[PDB]
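Novice: 3D, please:
(chains A, B, C and D, ligands or ions: 3)
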Amino acid sequence: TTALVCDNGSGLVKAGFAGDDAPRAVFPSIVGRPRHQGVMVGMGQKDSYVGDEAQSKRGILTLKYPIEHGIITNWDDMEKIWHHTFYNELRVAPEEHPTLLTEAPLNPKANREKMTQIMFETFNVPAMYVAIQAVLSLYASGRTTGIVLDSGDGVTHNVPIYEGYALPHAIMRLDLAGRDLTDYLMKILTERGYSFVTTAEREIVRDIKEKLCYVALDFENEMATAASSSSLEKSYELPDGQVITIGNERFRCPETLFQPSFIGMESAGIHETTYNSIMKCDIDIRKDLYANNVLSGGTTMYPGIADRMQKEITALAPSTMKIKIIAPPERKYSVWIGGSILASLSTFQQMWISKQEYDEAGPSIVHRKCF
Amino acid sequence: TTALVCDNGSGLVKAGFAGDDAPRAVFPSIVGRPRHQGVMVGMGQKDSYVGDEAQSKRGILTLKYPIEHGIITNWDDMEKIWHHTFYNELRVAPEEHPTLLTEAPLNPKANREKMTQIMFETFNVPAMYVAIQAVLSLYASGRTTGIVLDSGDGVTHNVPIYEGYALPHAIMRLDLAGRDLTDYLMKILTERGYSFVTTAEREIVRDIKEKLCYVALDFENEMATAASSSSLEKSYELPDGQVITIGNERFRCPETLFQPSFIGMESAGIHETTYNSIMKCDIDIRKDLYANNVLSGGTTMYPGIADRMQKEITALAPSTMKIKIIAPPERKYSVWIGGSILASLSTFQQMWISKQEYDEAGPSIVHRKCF
Amino acid sequence: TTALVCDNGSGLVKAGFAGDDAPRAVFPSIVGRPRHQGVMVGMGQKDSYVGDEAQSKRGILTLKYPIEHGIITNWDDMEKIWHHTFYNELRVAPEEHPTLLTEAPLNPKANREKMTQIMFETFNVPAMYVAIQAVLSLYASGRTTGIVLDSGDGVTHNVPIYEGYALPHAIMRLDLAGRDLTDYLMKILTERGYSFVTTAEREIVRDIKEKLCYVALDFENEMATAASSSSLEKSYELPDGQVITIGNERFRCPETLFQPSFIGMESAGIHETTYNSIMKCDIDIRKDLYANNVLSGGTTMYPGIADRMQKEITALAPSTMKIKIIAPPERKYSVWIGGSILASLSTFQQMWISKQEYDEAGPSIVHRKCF
Amino acid sequence: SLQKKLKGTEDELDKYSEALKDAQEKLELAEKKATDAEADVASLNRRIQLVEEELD
Ligand SMILES: Nc1ncnc2c1ncn2[C@@H]1O[C@H](COP(=O)(O)OP(=O)(O)O)[C@@H](O)[C@H]1O
Ligand SMILES: Nc1ncnc2c1ncn2[C@@H]1O[C@H](COP(=O)(O)OP(=O)(O)O)[C@@H](O)[C@H]1O
Ligand SMILES: Nc1ncnc2c1ncn2[C@@H]1O[C@H](COP(=O)(O)OP(=O)(O)O)[C@@H](O)[C@H]1O
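Specialist: Residues are numbered from 1 along each chain as shown, chains lettered A, B, ... in the order given. Ligands and ions are numbered 1, 2, ... in the order given. Right below this line is the structure:
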């Protein structure tokens, strides 16, 4: 039999089969409901659209995300998401397939327990397993040591691993990610008159971010370059027409990752939490960690982010070590790729949580050595 | 057939064949176990690393020494050490080779008896013999008289020998050695801010000691020189970067050998236990003993220790005798070299403890005239 | 003339006059700076708030600690702390008051040297003296022998003293303390759903710890009791309503003192380091040390710490001994009380360091006989 | 038409990468040599002071 690999993430569902090179179903993790009245009798319209259909009916729906920061907040919505993923995108019967789920470090425990309970009671899968996103990223990267920085859409986290041993006291988790970058871009785009307030203009702003934003290698020099020239100013065409022109806020948006004070957060940038995780690890694995700094997740896809991260970590660490940043082109799907590798490993077929184990030990069996 | 020569020591295993000029397997006498959880499934990692592999995986393991002061405290660990030595470093079958083991004077008797029992029951050797480290050092030195000072890593001892007769009432044993010097250096390095607490930072401190420490010919003058100048201050580069600078504690560390009150011990320095052993011997061999003062073992490898020892013993002994200190460059391996010489001697092939003798007389046969 | 006793500690400054029964001024050693912009013109607000004031404006400020683990890292805001202590809490001119300050064992030398340089040049005190915290704790406890465990907020140490003589080779120092317990509690509350990330929320977590945590007498039985019953849950009220309930976390937090592997340290618990510091001492005084085990400092204030530690040390020591744990109710002020006693002795008035003494011998005079 | 520009940039890039590699090689070489020479001179200098106090 084959196992499914559902990388829920927070803002993009990625599912597929264990043993493939890529997911076969990538769609947004949104659930939309109509907000207007509806006049044409016989239209027979539905009450809630899931996934990629909601993005077509944006102008009529209110789009809600069922996952805020890794954490699931709307369990009925999330159950709809899973039902859509199993039956409409993949077209499989979940009572014949083990399912490997992913989760971020340092989430509530009820999240994981309720996820297991759903997967066994509602969808009736034979086995299931919840994996950490950073470990799976390291599987897909081909390493066995290295400090991984998995910046998704809800959370950002560093997880240092050495020789296959993870150092839990050095795990860092930050709640700044692509969703906060989108909100900051919505906010600073009002300096030029453009206003995006609806829950469906957030998708337009996310598209603008993905297509035009980039990380500056030096922030003050790019500030001055934008103040003087106009060579970095680019245009974008809305779904309506009426092109908008983006100036220096092409690189002020992702700079929030290195200066979280822009959105009023207290914490330090990703370049500094990475270094603090290093310095919290031992002394005789720090050289390997410096040399194996692995990036994954969608928020690491900006142009120039690897070069910026290297410049910063190099200015932080001692001057005698080679600091190297691994940033594959298929970063966004690294967690899923690693999940497929892991679930196909023949050694892993004894780590599943079978259904009988659950029936006899309750949902608490998730936090056991299968953690 | 050939005999093996395993100089267990306390902190460095040295093994080889009888009839060679040097040991072919020198590795630390440590056994490491992982202390973190281990996340990558399929890693298939082991549960305990022995020898030189543990020093590579330092940052992940807890390193334990199975020999405290000559005495073996963890018999399972020591059995792992021996298994590694026989099968992985030397690649020999111990049921075809006699084995010569070494031990320090004035150890418990159960140490030696249990060692014999292990070597005959577990490893199944045909013969075995336990030798004293100082006697073997004197074999390797080419002498037949002389007072030998064998400062290893667990124990220090003087053993005066004259014309091949050892004087047991004049044997001295002190429990100050390289391990205590390492602990004292860890402690006094905190005066400059460097902190080494982990069981794997002790190895870094041992490296610092070996590479930078030296014995002062005069302690107050070097104290004043370090207080005034900076010409004796040297630097070292950790596995992490961040060089550390060592000042006057380059020579305060090995000065504990001549002033054991530094670590709160009651006893007297090595220069004074040597002289007390002399003065406890007869009156008409003291001139030869003064002239044949032999050093061996790793803790005698400091720069200037021979000159310091000579200055001290010369100020102690009467003014009319030539005091001479023999300190070869291959000091650290003298016990092993002498062991190889002894086991190759054709006269010695009748001093082995055969397996039938053991089977008929129990492990008590070790303390007989083969003592 | 009277002397000032300033037990600057690490996390609480306790000051007062020598000869009083308790410290007069007790406030957190915190320097806060505003992180937002400030709009109301005429507010005339200041740049940095110190001490107890900074906890009122805690929501606007970003709080720094000038002392990390006993050691002083930031010196400018430490001068700010001292200035606030002298002029705003005590209202005394330090030009006519000798000052007694405390420090933990096994600290850098530059700490003391800069401390006295500042106290003589910036504040112009006529005399000063730096004392060890454990000795003052023994003074206040009224013993003259006994092994004292002084768990503050940055550092934990054992100092065995017999008959008025301290045995420095048996002094242990551990960098696990109240701030590490606060960080572990922050990290462990996350699994229940609550997130505290800001330096202003670290103070709320410290309050939760102080008011709800306790040491379990039997850790496994308490874990089972929490996994079965619900009679352990207590509720706390955040500054904005939002009641939170904690179970396991009540005793899993201070258990880090007895199992430092919870926060990834390699060392042994406070009970085991106390026992090891006893076993480092001479065999004749271990009776009195076992019978006079003195606790002091804030981190020793959990309910059940004394009973737990007595149980542990009793199971470690031989069966013939009487183990006693001395834990006064005015425990967390013992260092200050002893400091006042000491500075109040007529025998002490010739052990200060004078102004001219310093002016002639430089700051190096701190380590010499005027200790 | 810009493809010639692209190719020329690739060529100068390759040249600069080879240059950087050679410079790193020479750098690490000379650095090992300087460190070893300093070790030798410090050792033998300490030995000189020892034989000086010996002469004294
Ligand atoms: N090329 C890109 N540049 C910048 N941001 C991107 C890019 N592609 C995707 N993103 C951001 O990544 C986020 C999705 O990351 P993803 O890896 O899907 O995490 P998750 O699966 O947890 O949602 C989106 O919010 C989007 O804004
Ligand atoms: N060059 C050196 N200078 C000072 N100490 C050394 C040197 N080389 C080795 N040592 C010390 O010698 C000890 C090992 O001595 P060794 O002869 O191996 O005894 P054993 O075999 O009983 O461990 C180590 O603890 C190390 O600290
Ligand atoms: N009742 C209590 N229970 C547990 N911990 C406490 C209690 N009161 C104070 N503490 C802890 O003690 C620490 C302060 O100890 P203290 O004696 O002030 O050391 P210092 O003077 O070096 O700051 C604080 O971090 C606090 O968390």
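
Novice: how long is stretch A:56-65 end to end?
Specialist: Distance between the two ends of stretch A:56-65: 16 Å, counting by CA to CA, to the nearest Å.

Novice: Can you point out the buried residues in it?
Specialist: Neighbour counts over stretch A:56-65 (16 or more other CB atoms under 10 Å in any protein chain shown) mark A:58, A:60, A:61, A:63, A:65 as buried. In short, each C-beta sits where N, CA and C put it, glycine included.

Novice: So what touches that stretch?
Specialist: A:10-11, A:29-36, A:49, A:54, A:74, A:77, A:199-200, A:202-203 (CB atoms under 8 Å, 6 or more residues apart in numbering or on different chains).

Novice: Point me to the residue of chain D nearest chain B.
Specialist: As assessed by CB to the nearest CB, chain B sits closest to residue D:53 within chain D, at 6.1 Å.

Novice: and stretch A:208-219, is it in reach of ligand 1?
Specialist: Yes: contact of stretch A:208-219 with ligand 1 (CB under 6 Å from any ligand atom) involves A:209, A:210, A:213.

Novice: And what about the first one, helix, strand or coil?
Specialist: Right, the one you point to is residue A:209. Of the three states, residue A:209 takes helix under DSSP: H, G, I helix; E, B strand; the rest coil.

Novice: I'd like to know how far it sits from residue A:216.
Specialist: Taking CB to CB, to the nearest Å as the measure, residue A:209 falls 15 Å from residue A:216.

Novice: what about residue 14, helix or strand, and which?
Specialist: Defaulting to chain A. strand A:13-15 (DSSP states H and E).

Novice: You answered for a different chain; I wanted chain D.
Specialist: Using DSSP H and E, residue D:14 sits within helix D:3-55.

Novice: chain center to that helix, what's the gap?
Specialist: Remark: helix D:3-55 is offset 1 Å from the chain centroid, using CA atoms, centre = their mean, to the nearest Å.

Novice: ok, residue A:326 to residue A:142 distance?
Specialist: Residue A:326 is 9 Å from residue A:142, by CB to CB.

Novice: between these two, who's got more neighbours?
Specialist: More crowded of residue A:326 and residue A:142, by other CB atoms under 10 Å in any protein chain shown: residue A:326, with 17 against 12.

Novice: any idea which residue of chain A is furthest from its center?
Specialist: Distance from the C-alpha centroid of chain A peaks at residue A:41, with 40.8 Å (CA atoms, centre = their mean).

Novice: and the closest residue to chain D within the stretch 51-200 of chain A, how many neighbours does it have?
Specialist: At 23.1 Å from chain D, residue A:146 is the closest residue in the stretch 51-200 of chain A, using CB to the nearest CB. When neighbours are counted by other CB under 10 Å, residue A:146 registers 23.

Novice: nearest spatial neighbour of it, skipping sequence neighbours?
Specialist: residue A:292 (3.1 Å; CB to CB, 6 or more residues apart in numbering or on different chains).

Novice: Let me see the contact set for that neighbour.
Specialist: A:143, A:145, A:146, A:147, A:324, A:326 are the contacts of residue A:292 under CB under 8 Å, 6+ apart.

Novice: Take those and write them to a markdown table, including secondary structure.
Specialist: Shown next, in a markdown table, are the contacts of residue A:292 (three-state DSSP):
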| residue | secondary structure |
| --- | --- |
| A:143 | coil |
| A:145 | coil |
| A:146 | strand |
| A:147 | strand |
| A:324 | coil |
| A:326 | strand |
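
Novice: out of the residues you listed, who's nearest residue D:26?
Specialist: Using CB to CB, residue A:324 is the member of these that lies nearest residue D:26, at 21.6 Å.

Novice: neighbours around the closest one, how many?
Specialist: Residue A:324: 15 neighbours (other CB under 10 Å).

Novice: Quick check: the gap between it and ligand 1.
Specialist: Taking CB to the nearest ligand atom, to the nearest Å as the measure, residue A:324 falls 22 Å from ligand 1.

Novice: got a list of what the residue nearest to that residue when sequence neighbours are not counted touches?
Specialist: Nearest non-adjacent residue to residue A:324, counting by CB to CB, 6+ apart: residue A:291, 5.1 Å away. Shown in contact with residue A:291 (CB under 8 Å, 6+ apart): A:321, A:322, A:323, A:324.

Novice: most neighbours, which of the residues you listed?
Specialist: residue A:323 (20 neighbours).

Novice: So what does the closest residue to ligand 1 within the stretch 201-350 of chain A have for phi and psi?
Specialist: At 2.4 Å from ligand 1, residue A:298 is the closest residue in the stretch 201-350 of chain A, using CB to the nearest ligand atom. Note on residue A:298: its backbone torsions stand at phi -70, psi -30 [degrees, to the nearest 10].
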